[PDB]
């Protein structure tokens, strides 16, 4: 997270750290008792490596009573996702068992109505991604409040030049932004999950290249199919 601040410990009980061989790789969001939603590019080239999900965490390294590392039974990338595209960039992770719920571990209600979030809506994005241009990794969860950017501005030649489909959404990136390692994390608007940070490498903190987030409402039927 660039231009953000340390999040209040355990105030986002849905927050997941998707890890490969014990290292934070991507953000994630607990969407059901046994299911964590993330971005599909996260799992690319992971084939062999041990994928796990850390729930109830604030610090990645320190012991916390609510902190629990879960093994993964199944990794389900969207069938239409592709290495060289930003489309259908969603990944569903089935934990080895249903998560132990409590004040620091709870699924987040997610948007099923396929209508756009209003431009200007202040949304929350959290993560353990880099915090500066040098690549400094924070030990504890960071967050930033970002206003949603209308699709037409986001689609200008100066910005993302027509790459923003109706299944994608944008947020402003003026100094405050998601960055490397925030990929797959949640964009929460009015206490409801609206987007998943895309996992395509993108410049961070540049106003002319807004944040791109996959709209969960656009994939409601796919998320339901997988969980079933």
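Positions refer to the first chain, counted from 1. For clarity, a rigid core is taken as the largest C-alpha set superposing within 1.5 Å between two forms.
For the pair 26-34 and 195-203, greater average C-alpha departure from the shown form in 7 other deposited structures of this protein after core alignment is found in 195-203. Legend: mean Cα B-factor per stretch from the PDB entry, 48-56 versus 160-168; the higher mean is in 48-56. Stretches 77-85 and 133-141 differ in mean C-alpha B factor, with the higher average recorded for 77-85. Of all the options 10, 24, 208, 215, the entry's greatest CA B-factor is assigned to 208.
Between the residues 43, 29, 32, 192, the entry's highest C-alpha temperature factor is the one at 43. Placement of the Cα temperature factor of residue 203 within the chain: highest third of the modelled residues, per the deposited record.
When the CA B factors of the chain's modelled residues are split into thirds, the value for residue 2 lands in the highest one.
Per the PDB record, residue ranking by Cα B-factor puts residue 106 in the middle third of the chain.
Ranked within its chain, residue 37 lands in the lowest third, by CA B factor from the PDB record. For residue 179, the recorded CA B-factor ranks within the highest third of the chain. Only modelled residues enter the ranking.
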